[PDB]
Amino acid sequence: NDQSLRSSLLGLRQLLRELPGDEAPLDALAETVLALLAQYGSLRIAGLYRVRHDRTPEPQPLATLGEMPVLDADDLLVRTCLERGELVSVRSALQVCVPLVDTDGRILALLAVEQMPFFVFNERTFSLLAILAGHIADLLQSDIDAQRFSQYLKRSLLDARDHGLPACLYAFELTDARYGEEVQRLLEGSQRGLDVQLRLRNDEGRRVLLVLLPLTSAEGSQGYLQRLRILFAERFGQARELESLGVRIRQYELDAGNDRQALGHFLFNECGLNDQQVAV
């Protein structure tokens, strides 16, 4: 399936890591950020603007696309976007404004779109742009904590709503104290891409590894479980399966149909975790 989004973010994540510490990342990566948003939105004319502490934009663009006019801070789209911290569209001398907002609610920057074609001017594309902008904002703010894990969860919740993209959450319960340490080792070993992991003990005292796969469909997670069973068979041979080593696999999909209510049930009732271990 189409993993261009994860791929784009992994690539950008690598770029950020290669940055010389001299210069704010928003400034260094401005043109790249705008280009990525333009690629995802099929944008024709747009600008990328720093947003100040007072939630107003700096009108001198960090980067522009096409013949972008001077930014008008009185524009209704600009004002509604920055006041509410949400994507806004005419669906104003602009067509859509997308804020780059981190999970703490802080607006780092603003994408103002002057022109984008009718065939991408819709809630599906708007959602993609919003997801990409929020994930970029998260990356810009970055330099196994339960605290951090909870933030990644929050982002995936934001991703999942509306025309938004789902995420998958695995809970590997190590019910057999004999093969517990071993199996946990295999599991952490298998992190790849954007996987995020957290080690906990459930209410039975058993080791539980939570694995969040952001921006991952059911099809994408089925594949994840298969890479896993592959590795399992690499250390332990084909004879034995994960389930034979006392591993209980629980799965929850973050999608449009559910939200924080169902996420808590899964974690606190099905997984035997508590509100103090993971913050929903």
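A residue's number is simply how far along the shown sequence it sits, counting from 1.
- Coordinates are lacking for 10 or more deposited residues between residue 91 and residue 92.
- According to the PDB entry, the deposited sequence contains 4 to 9 residues between residue 143 and residue 144 that lack coordinates.
- As listed in the deposited structure, the average C-alpha B-factor of 46 to 54 and of 220 to 228 is greater for 220 to 228.
- When 112 to 120 is weighed against 198 to 206, 198 to 206 comes out higher, by mean CA B-factor as recorded in the entry.
- Among 214, 237, 59, 41, the highest C-alpha B-factor recorded in the PDB entry belongs to 237.
- Sorting 181, 83, 173, 102 by the CA temperature factor given in the entry leaves 181 at the top.
- Residue 34: CA B factor lies in the lowest third for its chain, per the PDB record.
- Residue 3 sits in the middle third of its chain by CA B factor, as recorded in the PDB entry.
- Among the modelled residues of its chain, residue 185 has a C-alpha B-factor that falls in the highest third, as given in the PDB entry.
- The entry lists a Cα temperature factor for residue 154 that places it in the middle third of the chain's modelled residues.
- In this PDB entry, the Cα temperature factor of residue 26 sits in the middle third of its chain's modelled residues.
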